[PDB]
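The structure appears right after this line, and notes come after that.
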Amino acid sequence: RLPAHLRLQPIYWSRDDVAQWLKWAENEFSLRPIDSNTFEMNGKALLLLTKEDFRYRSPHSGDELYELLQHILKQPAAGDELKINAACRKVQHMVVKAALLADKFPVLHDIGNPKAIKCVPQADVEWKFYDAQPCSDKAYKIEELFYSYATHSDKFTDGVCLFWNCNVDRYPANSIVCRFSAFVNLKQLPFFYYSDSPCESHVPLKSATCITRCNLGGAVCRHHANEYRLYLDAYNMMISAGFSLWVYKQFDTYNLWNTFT
Ligand SMILES: N#Cc1cn([C@@H]2O[C@H](CSCC[C@H](N)C(=O)O)[C@@H](O)[C@H]2O)c2ncnc(N)c12
Ligand SMILES: [Zn+2]
């Protein structure tokens with residue numbers, strides 16, 4: 001089974017997630033009561049312990065807890081589709097909005113979008129929609145096109161191209177890509193969080209990937225710390241599901257920091 005708050009792979013587990021795992025296994029298997037701090041570590045460290053270490057920490061259930069973890073590793077749980085759907089929209093909005101602010105593309109070519117929906121409606125950019133099979137109710141504002149690099153590598157050179165879960169043979173250089181040799185023109189997109197929303201004072205967040213105005217001095221406000229952690233869960237939930245993010249090579253996070261001056 002699964003408790004719906006341990007659905008990600010154990011490598012993504014936090015210290016509190018491990019405590020929930022011990023408490024969940026205490027009732028699911030009628031194990032003897034065990035203190036939460038018996039395994040005071042994150043999931044990334046719990047995977048480095050030996051089975052002998054489990055017995056030393058928990059003489060009554062250490063061997064049972066170890067074998068339970070192995071089956072979790074051998075058979076990863078499936079994430080909820082709606083939560084994965086929400087995670088994909090949140091990451092898509094974050095990445096595209098940041099890219100448009102960083103490099104100020106005059107036009108966006110959304111390739112693979114059959115519903116003519118902008119993920120960044122306030123972007124102030126010419127939004128173009130392309131799809132091989134446009135929806136009937138949106139085809140009037142969608143160009144019917146099947147993208148192939150051998151056919152269109154000389155097209156859509158202006159602005160940026162968006163291939164969000166649009167698996168094509170090879171992406172052009174000016175691309176923003178999510179996918180579940182084709183990325184030779186691109187680079188991997190590292191994790192980051194960007195927010196231009198106002199700060200509000202009502203655990204201190206230490207991270208160089210929190211691109212917020214309050215983090216210029218290292219003091220992330222409560223509002224952006226909570227939004228950062230909610231986004232990180234969505235990012236991890238999407239990476240755990242087998243999605244990878246790729247971007248044009250000149251993408252630079254320092255362009256996002258310059259938006260605060
Ligand atoms: N292979 C391939 C191709 C598949 N698509 C379209 O991309 C979509 C993938 S599902 C929706 C993805 C959307 N960007 C979203 O963010 O939800 C479908 O509508 C499919 O018809 C294509 N379109 C243009 N040229 C192609 N070469 C393909
Ligand atoms: Zn802030």
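Ordering of the structure tokens sets the chain letters (A, B, ...); residue numbers start at 1 within each chain; ligands are numbered from 1 in the order shown.
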**Report entry** Test item, strand (DSSP E) assignment across segment 109-188 of chain A, answer as JSON, numbers by chain
**Finding:** {"A": [109, 110, 111, 126, 127, 128, 129, 130, 131, 143, 144, 160, 161, 162, 163, 164, 175, 176, 177, 178, 179, 186, 187, 188]}
Taking 2 positions as the minimum chain separation for residues in the same chain, which residues sit within 12 Å of segment 26-29 of chain A when counting only C-alpha atoms? Answer as a PDB file with C-alpha atoms, in the first residue's frame.
```
ATOM      1  CA  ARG A   1       0.000   0.000   0.000  1.00  0.00           C
ATOM      2  CA  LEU A   2       0.959   3.678   0.316  1.00  0.00           C
ATOM      3  CA  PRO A   3       0.049   6.547   2.689  1.00  0.00           C
ATOM      4  CA  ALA A  19       9.231   9.714  10.808  1.00  0.00           C
ATOM      5  CA  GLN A  20       5.891   9.274   9.033  1.00  0.00           C
ATOM      6  CA  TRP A  21       7.288   6.106   7.445  1.00  0.00           C
ATOM      7  CA  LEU A  22       8.130   4.694  10.879  1.00  0.00           C
ATOM      8  CA  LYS A  23       4.700   5.662  12.221  1.00  0.00           C
ATOM      9  CA  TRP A  24       2.927   4.234   9.163  1.00  0.00           C
ATOM     10  CA  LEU A  31       5.298  -3.259  15.011  1.00  0.00           C
ATOM     11  CA  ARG A  32       6.409  -2.338  18.509  1.00  0.00           C
ATOM     12  CA  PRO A  33       6.236   1.416  19.216  1.00  0.00           C
ATOM     13  CA  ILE A  34       9.402   3.203  18.111  1.00  0.00           C
ATOM     14  CA  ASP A  35      10.593   6.746  18.764  1.00  0.00           C
ATOM     15  CA  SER A  36      10.496   9.100  15.787  1.00  0.00           C
ATOM     16  CA  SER A  58      15.532  -0.752  16.202  1.00  0.00           C
ATOM     17  CA  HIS A  60      12.549  -5.076  17.584  1.00  0.00           C
ATOM     18  CA  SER A  61      11.746  -3.899  14.038  1.00  0.00           C
ATOM     19  CA  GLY A  62      15.021  -2.956  12.316  1.00  0.00           C
ATOM     20  CA  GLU A  64      11.441  -5.528   9.172  1.00  0.00           C
ATOM     21  CA  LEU A  65      11.871  -1.826   8.367  1.00  0.00           C
ATOM     22  CA  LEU A  68       9.985  -2.916   3.776  1.00  0.00           C
TER      23      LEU A  68
END
```
Query - Which residue of A:38, A:157, A:261, A:197 approaches residue 56 of chain A most closely, using only C-alpha atoms - result: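 Smallest distance to residue 56 of chain A is found for A:38.
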Query - Interatomic distance, atom CA of residue 12 of chain A to atom 9 (C, counted along the ligand's line) of ligand 1 (Å, one decimal) - result: 27.7 Å
Query raised in the report: Could you pull the residues within 12 Å of residue 70 of chain A, counting only C-alpha atoms, minus those fewer than 2 positions along the same chain, as an NGL selection string?
Result: :A and (9-10 or 46-47 or 49-51 or 63-68 or 72-76)
Query raised in the report: Got a sec: who's within 10 Å of residue 226 of chain A, counting only C-alpha atoms, leaving out chain neighbours fewer than 6 positions off, as a PyMOL selection string?
Result: chain A and resi 203+205+220+232
Please, could you write that set of residues out with C-alpha atoms as a short mmCIF file (atom, residue, chain, number, x, y, z; two decimals), in the first residue's frame?
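And here is the file that came out, again-v2.cif:
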```
data_model
loop_
_atom_site.label_atom_id
_atom_site.label_comp_id
_atom_site.auth_asym_id
_atom_site.auth_seq_id
_atom_site.Cartn_x
_atom_site.Cartn_y
_atom_site.Cartn_z
CA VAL A 203 12.63 27.39 9.49
CA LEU A 205 15.33 29.00 4.24
CA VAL A 220 13.82 34.96 2.63
CA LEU A 232 10.04 22.18 -4.64
#
```
Report task. List every residue of segment 30-96 of chain A that DSSP, applied to the backbone, labels as alpha helix (DSSP H), and write the result as number ranges by chain. Result -> A: 43-46, 51-57, 62-74, 81-96
**Report entry** Expected selection as a ChimeraX atom specification for ligand 2 within 12 Å, only C-alpha atoms and all ligand atoms
**Finding:** /A:193-202,205,210-228,260
Export, as a short mmCIF file (atom, residue, chain, number, x, y, z; two decimals), in the first residue's frame, the selected residues with N, CA, C and O atoms.
```cif
data_model
loop_
_atom_site.label_atom_id
_atom_site.label_comp_id
_atom_site.auth_asym_id
_atom_site.auth_seq_id
_atom_site.Cartn_x
_atom_site.Cartn_y
_atom_site.Cartn_z
N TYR A 193 13.77 28.65 -8.35
CA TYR A 193 12.48 29.25 -8.04
C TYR A 193 12.60 30.76 -8.20
O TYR A 193 13.49 31.38 -7.62
N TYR A 194 11.69 31.35 -8.98
CA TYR A 194 11.67 32.78 -9.22
C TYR A 194 10.31 33.34 -8.87
O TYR A 194 9.28 32.77 -9.25
N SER A 195 10.29 34.45 -8.14
CA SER A 195 9.04 35.12 -7.79
C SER A 195 9.27 36.62 -7.72
O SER A 195 10.19 37.07 -7.03
N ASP A 196 8.44 37.37 -8.43
CA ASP A 196 8.42 38.83 -8.34
C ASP A 196 7.29 39.34 -7.47
O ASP A 196 7.07 40.56 -7.40
N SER A 197 6.56 38.45 -6.80
CA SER A 197 5.47 38.86 -5.94
C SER A 197 6.01 39.56 -4.69
O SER A 197 7.15 39.32 -4.28
N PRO A 198 5.21 40.43 -4.07
CA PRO A 198 5.69 41.15 -2.89
C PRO A 198 5.95 40.22 -1.71
O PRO A 198 5.34 39.16 -1.58
N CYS A 199 6.89 40.64 -0.86
CA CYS A 199 7.29 39.86 0.30
C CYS A 199 6.37 40.13 1.49
O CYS A 199 5.81 41.22 1.62
N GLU A 200 6.23 39.12 2.34
CA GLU A 200 5.37 39.21 3.52
C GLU A 200 6.04 38.48 4.68
O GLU A 200 6.50 37.34 4.52
N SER A 201 6.09 39.13 5.84
CA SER A 201 6.66 38.52 7.04
C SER A 201 5.67 37.63 7.77
O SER A 201 6.09 36.86 8.65
N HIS A 202 4.38 37.70 7.44
CA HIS A 202 3.36 36.86 8.06
C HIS A 202 2.07 36.90 7.24
O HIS A 202 1.02 36.46 7.71
N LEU A 205 15.00 29.65 5.50
CA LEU A 205 15.33 29.00 4.24
C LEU A 205 16.70 29.48 3.76
O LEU A 205 16.91 30.68 3.54
N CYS A 210 16.70 30.13 -4.62
CA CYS A 210 15.50 30.92 -4.34
C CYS A 210 15.73 32.32 -4.88
O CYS A 210 16.28 33.19 -4.20
N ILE A 211 15.31 32.54 -6.12
CA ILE A 211 15.51 33.83 -6.79
C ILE A 211 14.32 34.71 -6.42
O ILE A 211 13.31 34.76 -7.13
N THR A 212 14.45 35.40 -5.30
CA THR A 212 13.44 36.34 -4.83
C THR A 212 14.13 37.62 -4.38
O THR A 212 15.32 37.64 -4.06
N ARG A 213 13.36 38.72 -4.38
CA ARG A 213 13.91 40.01 -3.98
C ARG A 213 14.39 39.97 -2.53
O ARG A 213 15.41 40.58 -2.19
N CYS A 214 13.66 39.26 -1.67
CA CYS A 214 14.06 39.16 -0.27
C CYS A 214 15.34 38.34 -0.07
O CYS A 214 16.00 38.49 0.96
N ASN A 215 15.69 37.49 -1.03
CA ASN A 215 16.88 36.65 -0.91
C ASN A 215 18.15 37.35 -1.39
O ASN A 215 19.23 36.75 -1.33
N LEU A 216 18.04 38.59 -1.87
CA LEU A 216 19.24 39.35 -2.21
C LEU A 216 20.15 39.50 -1.00
O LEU A 216 21.38 39.42 -1.12
N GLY A 217 19.57 39.72 0.17
CA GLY A 217 20.30 39.76 1.42
C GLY A 217 20.31 38.47 2.20
O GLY A 217 20.84 38.44 3.32
N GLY A 218 19.76 37.39 1.65
CA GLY A 218 19.76 36.10 2.31
C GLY A 218 18.64 35.88 3.31
O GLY A 218 18.60 34.81 3.93
N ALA A 219 17.75 36.84 3.49
CA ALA A 219 16.65 36.74 4.45
C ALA A 219 15.35 36.54 3.66
O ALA A 219 14.65 37.49 3.34
N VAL A 220 15.05 35.28 3.36
CA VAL A 220 13.82 34.96 2.63
C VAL A 220 12.63 35.11 3.57
O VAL A 220 12.61 34.56 4.68
N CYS A 221 11.63 35.87 3.13
CA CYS A 221 10.45 36.10 3.94
C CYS A 221 9.62 34.82 4.05
O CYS A 221 9.85 33.82 3.36
N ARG A 222 8.64 34.86 4.96
CA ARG A 222 7.79 33.69 5.20
C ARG A 222 7.00 33.31 3.95
O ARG A 222 6.84 32.12 3.65
N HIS A 223 6.50 34.31 3.22
CA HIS A 223 5.68 34.03 2.04
C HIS A 223 6.47 33.29 0.98
O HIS A 223 6.01 32.27 0.44
N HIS A 224 7.67 33.78 0.65
CA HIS A 224 8.46 33.15 -0.40
C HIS A 224 9.10 31.85 0.05
O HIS A 224 9.38 30.98 -0.78
N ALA A 225 9.35 31.69 1.36
CA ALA A 225 9.85 30.41 1.86
C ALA A 225 8.80 29.32 1.71
O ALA A 225 9.12 28.18 1.33
N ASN A 226 7.54 29.63 2.01
CA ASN A 226 6.46 28.65 1.85
C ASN A 226 6.21 28.35 0.38
O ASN A 226 6.02 27.19 0.00
N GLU A 227 6.21 29.38 -0.47
CA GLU A 227 6.02 29.17 -1.90
C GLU A 227 7.18 28.38 -2.50
O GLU A 227 6.98 27.56 -3.40
N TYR A 228 8.40 28.63 -2.02
CA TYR A 228 9.56 27.88 -2.49
C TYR A 228 9.42 26.40 -2.18
O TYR A 228 9.70 25.54 -3.03
N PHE A 260 15.33 42.50 -10.28
CA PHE A 260 15.02 43.14 -9.00
C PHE A 260 15.67 44.51 -8.84
O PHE A 260 15.39 45.19 -7.85
#
```
Requested in this report: Compile the contact shell of residue 139 of chain A as a list in words: residues with an atom at most 9 Å away, counting only C-alpha atoms, same-chain residues fewer than 6 positions apart removed.
Outcome: residues 114, 115, 116 and 133 of chain A
Query raised in the report: Once you count only C-alpha atoms and all ligand atoms, which residues end up within 12 Å of ligand 1, and could you hand them over as number ranges by chain?
Result: A: 84-93, 96, 109-120, 129-136, 138-139, 142-152, 161-171, 176-180
Query - Selected residue, from A:11, A:101, A:82, A:107, that lies nearest to residue 252 of chain A when counting only C-alpha atoms - result: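 Result for the nearest residue to residue 252 of chain A: A:101.
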Query raised in the report: In Å, how far is it from atom CA of residue 45 of chain A to atom CA of residue 191 of chain A?
Result: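 Atom-to-atom, atom CA of residue 45 of chain A to atom CA of residue 191 of chain A, that is 21.2 Å.
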